[PDB]
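Asks: Pasting a structure below so you can have a look.
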Amino acid sequence: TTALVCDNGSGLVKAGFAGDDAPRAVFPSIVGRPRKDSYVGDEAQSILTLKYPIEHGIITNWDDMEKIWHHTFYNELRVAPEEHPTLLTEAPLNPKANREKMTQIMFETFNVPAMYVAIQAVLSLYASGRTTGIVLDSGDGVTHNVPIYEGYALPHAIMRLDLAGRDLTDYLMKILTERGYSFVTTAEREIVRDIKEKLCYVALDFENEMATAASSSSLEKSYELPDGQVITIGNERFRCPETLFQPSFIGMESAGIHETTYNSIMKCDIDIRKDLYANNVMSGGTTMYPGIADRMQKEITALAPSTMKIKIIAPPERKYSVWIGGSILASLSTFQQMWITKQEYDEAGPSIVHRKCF
Amino acid sequence: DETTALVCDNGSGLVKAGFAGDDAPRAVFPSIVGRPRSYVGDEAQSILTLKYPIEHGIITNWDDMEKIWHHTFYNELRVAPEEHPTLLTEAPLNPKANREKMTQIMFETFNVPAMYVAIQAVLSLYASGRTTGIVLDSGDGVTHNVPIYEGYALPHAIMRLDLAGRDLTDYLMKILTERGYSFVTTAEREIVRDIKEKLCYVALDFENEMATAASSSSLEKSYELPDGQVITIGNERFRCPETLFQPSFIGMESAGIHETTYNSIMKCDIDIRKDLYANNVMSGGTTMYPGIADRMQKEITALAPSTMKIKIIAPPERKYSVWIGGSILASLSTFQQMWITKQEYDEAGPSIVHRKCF
Amino acid sequence: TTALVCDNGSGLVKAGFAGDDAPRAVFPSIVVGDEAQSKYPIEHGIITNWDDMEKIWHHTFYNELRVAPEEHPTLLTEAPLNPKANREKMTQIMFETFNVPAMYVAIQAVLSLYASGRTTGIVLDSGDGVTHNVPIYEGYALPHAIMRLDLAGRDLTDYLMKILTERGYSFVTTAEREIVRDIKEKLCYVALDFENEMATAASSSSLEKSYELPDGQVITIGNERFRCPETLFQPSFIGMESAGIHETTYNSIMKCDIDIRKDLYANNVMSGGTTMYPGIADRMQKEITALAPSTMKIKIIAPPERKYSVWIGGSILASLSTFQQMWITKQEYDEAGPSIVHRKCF
Amino acid sequence: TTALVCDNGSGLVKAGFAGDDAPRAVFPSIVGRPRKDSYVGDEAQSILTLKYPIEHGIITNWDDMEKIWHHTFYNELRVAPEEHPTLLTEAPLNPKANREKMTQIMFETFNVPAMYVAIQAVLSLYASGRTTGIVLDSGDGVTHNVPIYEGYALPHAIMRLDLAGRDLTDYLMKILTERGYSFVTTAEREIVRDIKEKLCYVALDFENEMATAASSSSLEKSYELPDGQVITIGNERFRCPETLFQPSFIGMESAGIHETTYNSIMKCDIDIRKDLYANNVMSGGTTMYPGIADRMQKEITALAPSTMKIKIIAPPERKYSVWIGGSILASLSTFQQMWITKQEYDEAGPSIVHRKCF
Amino acid sequence: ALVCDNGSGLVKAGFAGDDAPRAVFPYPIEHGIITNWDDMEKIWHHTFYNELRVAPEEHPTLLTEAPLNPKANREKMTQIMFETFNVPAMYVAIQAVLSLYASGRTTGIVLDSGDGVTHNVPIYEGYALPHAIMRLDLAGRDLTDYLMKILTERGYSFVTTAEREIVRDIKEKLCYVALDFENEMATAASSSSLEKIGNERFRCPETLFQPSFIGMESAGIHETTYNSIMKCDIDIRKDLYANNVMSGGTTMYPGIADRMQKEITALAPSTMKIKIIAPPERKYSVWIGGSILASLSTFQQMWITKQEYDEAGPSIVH
Amino acid sequence: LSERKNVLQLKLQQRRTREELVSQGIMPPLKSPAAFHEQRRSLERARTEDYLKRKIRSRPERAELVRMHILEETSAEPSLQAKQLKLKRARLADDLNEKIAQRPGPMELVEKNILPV
Ligand SMILES: Nc1ncnc2c1ncn2[C@@H]1O[C@H](COP(=O)(O)OP(=O)(O)OP(=O)(O)O)[C@@H](O)[C@H]1O
Ligand SMILES: Nc1ncnc2c1ncn2[C@@H]1O[C@H](COP(=O)(O)OP(=O)(O)OP(=O)(O)O)[C@@H](O)[C@H]1O
Ligand SMILES: Nc1ncnc2c1ncn2[C@@H]1O[C@H](COP(=O)(O)OP(=O)(O)OP(=O)(O)O)[C@@H](O)[C@H]1O
Ligand SMILES: Nc1ncnc2c1ncn2[C@@H]1O[C@H](COP(=O)(O)OP(=O)(O)OP(=O)(O)O)[C@@H](O)[C@H]1O
Ligand SMILES: Nc1ncnc2c1ncn2[C@@H]1O[C@H](COP(=O)(O)OP(=O)(O)OP(=O)(O)O)[C@@H](O)[C@H]1O
Ligand SMILES: [Ca+2]
Ligand SMILES: [Ca+2]
Ligand SMILES: [Ca+2]
Ligand SMILES: [Ca+2]
Ligand SMILES: [Ca+2]
């Protein structure tokens, strides 16, 4: 009867139990059908046509989402939803209509006893032990700057950037084309993504690192392919994530993440800006690059009042910040009053989900 | 507490009950009896169709009133009525038949050893440390001016106004409509009652307050509903209770409370008027608004002989002035002789009330 | 330069820094402290011995916290119903003897209340030397309704020493008092139904428990486990004419304006070491429930860290940016004198 | 009807029978294949490429772990698994997932009739004869401070350090390089480890010991290498393990083991710290260095309150404290009721572990 | 507002609303009555300017007096306050009544014992009943004197200003009241956690219950309490028995309550409801009852104003 | 080793249950995540700090409570009040006692030009 925590990302579902220090289950967020009914997660990945029912953080395909959830309960976590309060997560600026659908599904389709939905970036902040700060949440499909004061996200200052993890993978495949390594297929992309996650880091000074790559090499590193073949990588290590500071790299016209962070803060009430500067929390897989902390520190220092207190919080577990946040929250005796119960739903219908809050 | 006297204040809306000598009633609950859509008080509030057995301060449903008293003894106070002399309150100008009926039931149904019946207003006066004055008693269902000399209410001078707290709640509901808020359900009527109670107030100068409001703002207040929504309220704060002074606001032909105050004094012997003007006591829940005493001061000021002493007495305990007055009276050595005994009742019958309670 | 926080109890000083999760230091309130371990300046919650108390504070700054007092604004705690006299003197000493840059005095119970996330409710604070019921409303203790009981933790230890005497275990000395106190802390509990628990001991026994003494040998204890704290509900156990803590809580609520009673019943918070017994929470409810108007919502709240509720409340309060303007400043004290504490601390 | 004990470490498996004085079998926790199936422990020593199925104390390779367990039962201990209730050990803060998988493999593949899992550090504490105390377990891959109150590990105050024994061997290899002694190969690493265990110690005052090495030398010791050559070793004797107190020696940014101990104790309830200080128990191969007790006592007394009683317990056999502890537990009458039975597993699944083992 | 309790031996002064008198200091007053108007005015002037440090024209001032004070004293004290000190308002109240007030009561019987006089005062609904009031001149100073006499046996001599202070101090520090004097005497002579001084600890205050110890044939304090009760209407007696309050420094002896409970038990019909009220602060019960009353809003209309005095004269006090 | 076993067995039945222990603040709440008792705590703390920072600016004035009859009116000092109120009620009830005792008969009024025959 322990509550379930389910973080639906554009790329990865993260699921598990309240109490737990990390998501018990983590699988690709995809539904496949022959190009017997439908294959979910990894089943589909191994002949099939693939859909991501979540784009840039938003559920855009309800029937496939429904199928994702059934897999999550019954195949991954192996639980009967009726016996479990369930907390879901949502993207910043999710339309109120979604969360209502999302609720209705849980109650009428999964007959959960109770459920909750919380904002992704909020949970991440929570997992940093704070109620106030500005989150940079970057997953596979979207990046947000989300200022939060007292557990309230500040929607007028929220920044969304469609550039995230997948885009970085795809760009790495294109710059790997430079050394003339060929990657296209299912199998091939997976390798590139692993390379990204294992070898890429953020250059503290990109142009200095480039003028240096064009020189020495403690730079270049090797990597073994499945068949035994060994490959070598150079400036691609820091050029790939540099895209986050220079989106022009994939032909995106948008401003870089440091700039969007600043602009977000500046779209907040001036009184609280000090507190935002002092609490810049990162979460999501795309924030996992070594050195990112210090590069952001630098970029933010370059833009702020020169005497401003600047702190970057990058917890080592920030890969699962969101989820962990959920777990902690669903665990609290104080939170138990905040479940939406089946009975409440019945008498008030889906609109009830918006109510309560901390 | 073996033989301690009991005090029961039967208002149109709330029953106030306890033991003589206490500062405060032991129990306060709604004056209702319910059956499925019998249960009493808060019991009935928690599915049922209800009656209020007291209308405008007068008992109107006798069977149900008995159930009110039974609940008081056995559920609320938890006592043996036979062990306890019992003081009751009644409205000004309670018809003689009601007094007798009430007496009879106390002695015959509950086998009380002794009892007494007092006027709501006089007890309020007593609690203020007076036997001579004019009381304005305004509860939930009815409002009275009661001029009183040495504890004797003057029937020829008494004013009754059916406009009260209930009516103010209703009107507030109505005017809240202007900001476009619908409050309609029984449960919503409660919320508005709460709003009334917390944020309403009596303007010193109504016209001025209107012209002011449009400008300043101390004025506008926001209030959070049960369901998490925030409403905002403005001149309704003071337009609500203004009604007491301008009953035309709800279409009533009566003159306002200040005017009935003045008129009641004028129906009293000329020589006692100075004493009345200087001892104007307010009692009952509805007399609670911030500013009310000052407004009455200034309105009676403008009505009187320019040379008269004007004093408004409005104690912080005025909600329960009636009950506290009861507590203190029954507790007096001098009063001990004044009880009606069962022996006296058996020898004379119900009509004993007229010669004993005055 | 972090602000300092000091809860002065009859038994223990609890001291530390604003923003800490609990006190950096705890030591006995006797003349100083653990020096006297290898006079009590506070009796029944009230500083009565000013010179020793000054020594208490001195020890605190210099031996315990190791801070220069002039560099740290300081919050103190006080008992409910503290005489105006005490407040002022306590203020004078801080500013004049210790030259603090700023200070504040907060009531123990209220700090505990805040700690629980309330600003209104009714506290039961029971430490070593005094027990109180303190109804509080938006931070305001309601003085006419405050209830005082002299029976507290110390007395309970002493009574445990006395009843273990019946089993013919001899505890008498200084060091024996200490053993018995540990036994109390470790093995005592509050019976849901006392009469029944007595009737039970005399029969079964999951009841009896064993404790290993410093000298190696083992003693075995039964009804003393629950008879010790039973005193709190039955003070006639130590010959006091007082009604029990359940009763005083009822009486306390009943002394408050009827319009806030429901909120008090619903927010009955426990704090202090002597509220630490297993079962106490549940027993209280039982008893309160039996007394109150029967429609009443009764909640007893007992946070596990309630031993230090008060200190913690202090840590938090001083940590608030809102509070920084509420300090009495050196400047202000010089300009108004010790009576400034009544206009600034309430 | 005869229990078995298996303590699974990063470096070593410790295994034997309950009520045994010591594990009958200790061998390296590794699985190998050509650089005829698979070679476990010393079989892999006799050419091959390796996995350690446990990294830093936690099970990371289930397939290979299973081959470890098979070897233990059939090659080393030579029993029929099915016939022996089996106690397993785990790292502190072992993911809930792991305890379950471990449980499951036990019941399903090895058909144990019953089993249990306790936490390494608590076993060691029990072998010390205490239920309350803070343990320092240092093995081959990981080091922990684990406070434990009345049997229960205190999760919030647990400290982990990724420095341990394997690190120290490696470091000694590197610093022997200074005197120009050449150590790199598999065979050579073994030689170095021998020297480590035989010759190294913890200087009670490091700087002084350094400055003494530099002068006299009762300090320098000779060691005959397996090839007949003799070497001499000096301050490397204490410099090697000094790393545990100054991890900076290998560029690790973490605090030293005394600092962590202090911090761990300060993470616990103030009223029980006294009790932790005075019951500080050491365990694991890496606490085997002479005089480490002394060093530890000094460092801690320095850090704690001066009135604070500090006591280090370091029992001579603390090399196997965990195993021995298990043997004691397994052998308890009171414990026989606490095994997880095959029946109970069938009915409740792997998750039963959470209710039975803590 | 200011509160001044003029006792025979200690003047008690402070501000209405405080816990305790802000100033307590040392005869212009004999047996509770002002007898020395020269020194009285010096002590009052000292109170305002040297002790409380206030300008008297700015403070309403409440004074106290002994039960049964000659009405002329009240008048002269009224005259002195309004004319010499120019107070804007004032009031004069009964020491014993104030003490009962400090216990929150208006009906009871008070035993007031200070430094120079002791009274039994039955009070019904605020009114002291003059016909039943008892006076005994035996009090605090006199118990100090008798302790000086019995310390004569142990061969310690105390006579001077300074020496009487030491004895007063010893009296206040170590004396207690025995529940059973004869058993206490028989026991002292035996065991002793008694000796610290021995039987003088309880023999000194024993004088209150047996005035023969300093040569009075007078009834003891228990008896005078009872006699005072018996001079009241029979129908008000049960109320007085149920509310016996002690006040004044000389009632401060540990165990005095317990002893009096026994003695009054012996005087009443054996079914009677008996309660002795002994607050820890009864040393200042009088002052505190004054602080209380002067702090009440209901009382603000009850001050004698400067204007009322000017128009009506010192006799307005009655 | 036969002996190590007995002390243990006597010490494992000397143990309180974790329920009881978290009940005493020794244990953190089982079911909360065990890594992240720190941040969990941090977070609960902030949560509270915030409630405080608000409920503080919303702090009423002594005046206002007394207006609502929360506190007694109005002097004197914390400790005195308690009794002082007892006295308020006492002084008044008595003030009322004779007032009613000596209450004119109806005749007094009628003849005093108030009320009918
Ligand atoms: N160490 C790492 N370094 C860089 N990128 C990583 C690392 N680990 C994971 N990623 C990338 O992060 C992305 C997944 O992050 P996350 O789970 O936060 O996204 P999501 O929640 O599925 O998507 P979103 O929140 O955008 O909907 C993947 O593209 C993955 O390659
Ligand atoms: N603070 C407040 N401000 C305004 N109105 C209030 C307040 N508190 C209570 N009331 C109103 O007081 C009324 C109840 O007062 P009261 O108990 O005197 O009525 P009652 O005695 O039951 O009725 P009645 O005397 O008319 O028969 C309700 O209408 C309530 O809304
Ligand atoms: N676990 C426990 N069970 C029972 N009593 C305990 C426990 N822990 C501490 N105590 C008791 O609590 C008392 C100390 O608590 P605390 O620090 O609240 O008192 P204090 O603040 O110094 O005293 P006071 O508030 O009475 O002036 C001691 O009597 C101690 O034995
Ligand atoms: N006398 C000794 N002195 C120093 N180190 C030693 C000694 N004996 C063994 N060791 C080291 O202790 C380590 C193994 O200890 P242990 O078996 O406790 O580790 P483990 O349990 O395999 O690892 P972990 O508990 O870290 O998962 C090895 O690195 C070994 O060289
Ligand atoms: N603890 C004590 N035990 C006994 N006597 C005491 C104690 N403390 C003070 N006294 C005595 O009380 C006397 C002073 O008390 P108090 O101030 O009531 O007298 P007073 O009001 O000056 O006199 P009076 O009311 O008789 O005019 C002194 O004799 C003093 O020694
Ligand atoms: Ca996500
Ligand atoms: Ca009414
Ligand atoms: Ca305390
Ligand atoms: Ca190990
Ligand atoms: Ca006196």
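Following the order of the structure tokens, chains are lettered A, B, ..., residues in each are numbered from 1, and ligands are numbered from 1.
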Taking only C-alpha atoms into account, what are the residues of chain B at most 12 Å from chain E, put as number ranges by chain?

Replies: B: 128-129, 332-333

Asks: DSSP on the backbone, then: every residue of stretch 169-211 of chain C marked helix (DSSP H, G or I), written as a list in words.

Replies: residues 174, 175, 176, 177, 178, 179, 180, 181, 182, 183, 184, 185, 186, 187, 194, 195, 196, 197, 198, 199, 200 and 201 of chain C

Asks: Got a sec to check which residues lie within 6 Å of ligand 5, using only C-alpha atoms and all ligand atoms, and send them as an NGL selection string?

Replies: :E and (7-10 or 31-32 or 113-117 or 140-141 or 168 or 172 or 248-250 or 252-253 or 283)

Asks: When you count only C-alpha atoms and all ligand atoms, which of these residues is closest to ligand 4: D:308, D:266, D:168, D:257?

Replies: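 Checking each candidate against ligand 4, we get D:168 as the closest.
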
Asks: Counting only C-alpha atoms, what is within 10 Å of residue E:317, bar same-chain residues fewer than 6 positions away, as a list in words?

Replies: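 Answer for this query is residues 71, 72, 74, 75, 76, 77, 78, 79, 90, 91, 92, 304 and 309 of chain E.
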
Asks: Go ahead and write the selection's residues with N, CA, C and O atoms as a PDB file, in the first residue's frame.

Replies:
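And here is the file that came out, result.pdb:
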```pdb
ATOM      1  N   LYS E  71     -10.783  57.886  61.973  1.00  0.00           N
ATOM      2  CA  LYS E  71     -11.166  58.541  60.722  1.00  0.00           C
ATOM      3  C   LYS E  71     -10.415  59.867  60.447  1.00  0.00           C
ATOM      4  O   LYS E  71     -10.142  60.228  59.293  1.00  0.00           O
ATOM      5  N   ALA E  72     -10.005  60.531  61.524  1.00  0.00           N
ATOM      6  CA  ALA E  72      -9.107  61.689  61.448  1.00  0.00           C
ATOM      7  C   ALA E  72      -7.733  61.419  60.792  1.00  0.00           C
ATOM      8  O   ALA E  72      -7.182  62.311  60.137  1.00  0.00           O
ATOM      9  N   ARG E  74      -7.172  59.263  58.348  1.00  0.00           N
ATOM     10  CA  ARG E  74      -7.539  59.191  56.934  1.00  0.00           C
ATOM     11  C   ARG E  74      -7.682  60.588  56.363  1.00  0.00           C
ATOM     12  O   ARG E  74      -7.225  60.843  55.257  1.00  0.00           O
ATOM     13  N   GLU E  75      -8.293  61.486  57.136  1.00  0.00           N
ATOM     14  CA  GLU E  75      -8.459  62.887  56.757  1.00  0.00           C
ATOM     15  C   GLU E  75      -7.144  63.654  56.667  1.00  0.00           C
ATOM     16  O   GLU E  75      -6.926  64.384  55.704  1.00  0.00           O
ATOM     17  N   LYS E  76      -6.283  63.502  57.673  1.00  0.00           N
ATOM     18  CA  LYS E  76      -4.988  64.206  57.700  1.00  0.00           C
ATOM     19  C   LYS E  76      -4.064  63.691  56.599  1.00  0.00           C
ATOM     20  O   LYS E  76      -3.335  64.446  55.962  1.00  0.00           O
ATOM     21  N   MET E  77      -4.116  62.391  56.381  1.00  0.00           N
ATOM     22  CA  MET E  77      -3.362  61.755  55.338  1.00  0.00           C
ATOM     23  C   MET E  77      -3.900  62.192  53.975  1.00  0.00           C
ATOM     24  O   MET E  77      -3.107  62.399  53.067  1.00  0.00           O
ATOM     25  N   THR E  78      -5.226  62.373  53.858  1.00  0.00           N
ATOM     26  CA  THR E  78      -5.882  62.960  52.661  1.00  0.00           C
ATOM     27  C   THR E  78      -5.391  64.387  52.453  1.00  0.00           C
ATOM     28  O   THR E  78      -4.969  64.762  51.354  1.00  0.00           O
ATOM     29  N   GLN E  79      -5.445  65.170  53.525  1.00  0.00           N
ATOM     30  CA  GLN E  79      -4.989  66.549  53.514  1.00  0.00           C
ATOM     31  C   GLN E  79      -3.529  66.671  53.083  1.00  0.00           C
ATOM     32  O   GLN E  79      -3.205  67.484  52.212  1.00  0.00           O
ATOM     33  N   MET E  90      -6.496  60.453  44.725  1.00  0.00           N
ATOM     34  CA  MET E  90      -6.045  59.483  45.710  1.00  0.00           C
ATOM     35  C   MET E  90      -7.149  58.569  46.233  1.00  0.00           C
ATOM     36  O   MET E  90      -8.333  58.791  45.962  1.00  0.00           O
ATOM     37  N   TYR E  91      -6.735  57.538  46.972  1.00  0.00           N
ATOM     38  CA  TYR E  91      -7.641  56.635  47.684  1.00  0.00           C
ATOM     39  C   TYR E  91      -6.988  56.017  48.940  1.00  0.00           C
ATOM     40  O   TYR E  91      -5.775  55.864  48.987  1.00  0.00           O
ATOM     41  N   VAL E  92      -7.780  55.681  49.957  1.00  0.00           N
ATOM     42  CA  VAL E  92      -7.244  55.006  51.141  1.00  0.00           C
ATOM     43  C   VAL E  92      -7.973  53.697  51.377  1.00  0.00           C
ATOM     44  O   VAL E  92      -9.203  53.680  51.480  1.00  0.00           O
ATOM     45  N   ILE E 304     -10.628  59.640  44.705  1.00  0.00           N
ATOM     46  CA  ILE E 304     -10.969  61.000  45.120  1.00  0.00           C
ATOM     47  C   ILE E 304     -10.100  61.929  44.267  1.00  0.00           C
ATOM     48  O   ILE E 304      -8.876  61.810  44.282  1.00  0.00           O
ATOM     49  N   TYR E 309     -11.718  66.935  46.392  1.00  0.00           N
ATOM     50  CA  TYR E 309     -11.107  67.331  47.671  1.00  0.00           C
ATOM     51  C   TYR E 309     -11.199  68.834  47.946  1.00  0.00           C
ATOM     52  O   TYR E 309     -11.531  69.241  49.057  1.00  0.00           O
TER      53      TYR E 309
END
```

Asks: Throw together the list of residues within 7 Å of ligand 9, counting only C-alpha atoms and all ligand atoms, and drop it here as a PyMOL selection string.

Replies: chain D and resi 7-10+57+120+139+284

Asks: Tell me which protein, DNA and RNA residues are within 12 Å of residue B:298, counting only C-alpha atoms, leaving out same-chain ones fewer than 2 positions away, and put them as a VMD selection string.

Replies: chain B and resid 203 to 206 258 to 259 291 to 296 300 to 304 306 310 to 312

Asks: How would the residues just picked look written out with N, CA, C and O atoms as a compact mmCIF listing (two decimals), in the first residue's frame?

Replies:
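Here's the written file part-v3.txt:
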```
# COMPACT_ATOMS: atom_id res chain seq x y z
N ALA B 203 -19.23 51.75 9.05
CA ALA B 203 -18.63 53.04 8.75
C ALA B 203 -19.05 54.08 9.79
O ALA B 203 -20.19 54.10 10.29
N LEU B 204 -18.15 54.99 10.13
CA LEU B 204 -18.61 56.15 10.87
C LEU B 204 -19.63 56.97 10.08
O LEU B 204 -20.68 57.35 10.59
N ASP B 205 -19.27 57.29 8.83
CA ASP B 205 -20.05 58.18 7.97
C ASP B 205 -20.21 57.50 6.64
O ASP B 205 -19.26 57.42 5.84
N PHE B 206 -21.42 57.00 6.38
CA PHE B 206 -21.57 56.05 5.30
C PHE B 206 -21.23 56.67 3.97
O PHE B 206 -20.51 56.09 3.17
N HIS B 258 -30.49 53.18 15.16
CA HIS B 258 -30.21 54.36 15.92
C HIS B 258 -31.50 55.03 16.16
O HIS B 258 -31.74 55.49 17.26
N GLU B 259 -32.36 55.03 15.16
CA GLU B 259 -33.62 55.71 15.28
C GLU B 259 -34.60 55.00 16.23
O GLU B 259 -35.32 55.64 17.00
N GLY B 291 -16.41 49.48 14.73
CA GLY B 291 -16.96 50.79 14.43
C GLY B 291 -18.37 51.01 14.92
O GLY B 291 -18.83 52.13 14.91
N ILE B 292 -19.05 49.94 15.33
CA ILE B 292 -20.46 50.04 15.59
C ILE B 292 -20.74 50.95 16.76
O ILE B 292 -21.70 51.74 16.75
N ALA B 293 -19.90 50.89 17.77
CA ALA B 293 -20.20 51.70 18.92
C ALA B 293 -20.06 53.20 18.59
O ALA B 293 -20.90 54.03 18.98
N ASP B 294 -19.01 53.52 17.85
CA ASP B 294 -18.72 54.90 17.47
C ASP B 294 -19.82 55.45 16.61
O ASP B 294 -20.18 56.59 16.73
N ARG B 295 -20.35 54.62 15.74
CA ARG B 295 -21.37 55.05 14.85
C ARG B 295 -22.61 55.29 15.65
O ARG B 295 -23.23 56.28 15.44
N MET B 296 -22.96 54.41 16.57
CA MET B 296 -24.14 54.66 17.36
C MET B 296 -24.01 55.95 18.18
O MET B 296 -24.94 56.77 18.24
N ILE B 300 -26.83 58.69 17.62
CA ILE B 300 -27.66 59.18 18.75
C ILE B 300 -27.30 60.61 19.16
O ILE B 300 -28.18 61.38 19.51
N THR B 301 -26.02 60.94 19.08
CA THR B 301 -25.56 62.30 19.24
C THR B 301 -26.36 63.22 18.39
O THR B 301 -26.93 64.17 18.88
N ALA B 302 -26.46 62.93 17.11
CA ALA B 302 -27.15 63.85 16.26
C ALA B 302 -28.68 63.87 16.48
O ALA B 302 -29.36 64.77 16.00
N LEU B 303 -29.21 62.88 17.20
CA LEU B 303 -30.64 62.79 17.44
C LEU B 303 -31.09 63.47 18.68
O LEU B 303 -32.20 63.99 18.72
N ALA B 304 -30.26 63.46 19.70
CA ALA B 304 -30.70 63.91 21.02
C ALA B 304 -30.73 65.42 21.21
O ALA B 304 -30.07 66.17 20.49
N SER B 306 -29.35 68.55 22.35
CA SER B 306 -27.92 68.87 22.22
C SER B 306 -27.14 68.91 23.55
O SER B 306 -25.91 69.00 23.57
N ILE B 310 -24.28 61.33 26.42
CA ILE B 310 -24.39 60.14 25.52
C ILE B 310 -23.26 59.12 25.70
O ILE B 310 -22.08 59.42 25.46
N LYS B 311 -23.65 57.89 26.06
CA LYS B 311 -22.68 56.82 26.32
C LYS B 311 -23.11 55.48 25.72
O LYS B 311 -24.20 54.96 25.97
N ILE B 312 -22.20 54.94 24.92
CA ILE B 312 -22.39 53.62 24.36
C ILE B 312 -21.51 52.63 25.08
O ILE B 312 -20.28 52.78 25.13
```

Asks: Which residues are near ligand 8 - at most 7 Å, using only C-alpha atoms and all ligand atoms? Format: as JSON, numbers by chain.

Replies: {"C": [7, 8, 9, 10, 45, 108, 127, 272]}

Asks: Keeping C-alpha atoms for every residue in the selection just given, could you write it to a file as a PDB file, in the first residue's frame?

Replies:
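Wrote it out as selection_9.pdb, contents follow:
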```pdb
ATOM      1  CA  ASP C   7      16.635  28.322  26.724  1.00  0.00           C
ATOM      2  CA  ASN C   8      16.967  28.641  30.428  1.00  0.00           C
ATOM      3  CA  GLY C   9      15.287  25.785  32.184  1.00  0.00           C
ATOM      4  CA  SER C  10      15.125  24.929  35.866  1.00  0.00           C
ATOM      5  CA  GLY C  45      11.141  28.101  35.742  1.00  0.00           C
ATOM      6  CA  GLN C 108       9.337  29.143  26.186  1.00  0.00           C
ATOM      7  CA  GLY C 127      10.594  20.141  32.061  1.00  0.00           C
ATOM      8  CA  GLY C 272       9.704  19.582  27.225  1.00  0.00           C
TER       9      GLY C 272
END
```

Asks: Identify, on the basis of only C-alpha atoms, every residue whose closest approach to residue F:23 does not exceed 9 Å; exclude the query and any residue fewer than 3 positions from it along the same chain; express the result as a PyMOL selection string.

Replies: (chain C and resi 276+278+303-305) or (chain F and resi 18-20+26-29)

Asks: Which residue gives the smallest distance to ligand 1 among A:192, A:272, A:225, A:288, with only C-alpha atoms and all ligand atoms counted?

Replies: A:288

Asks: Could you name the residues that touch residue F:58 at 12 Å or less, counting only C-alpha atoms, but leaving out those on the same chain fewer than 2 positions away, as a PyMOL selection string?

Replies: (chain C and resi 119+138-139+322) or (chain F and resi 51-56+60-61)
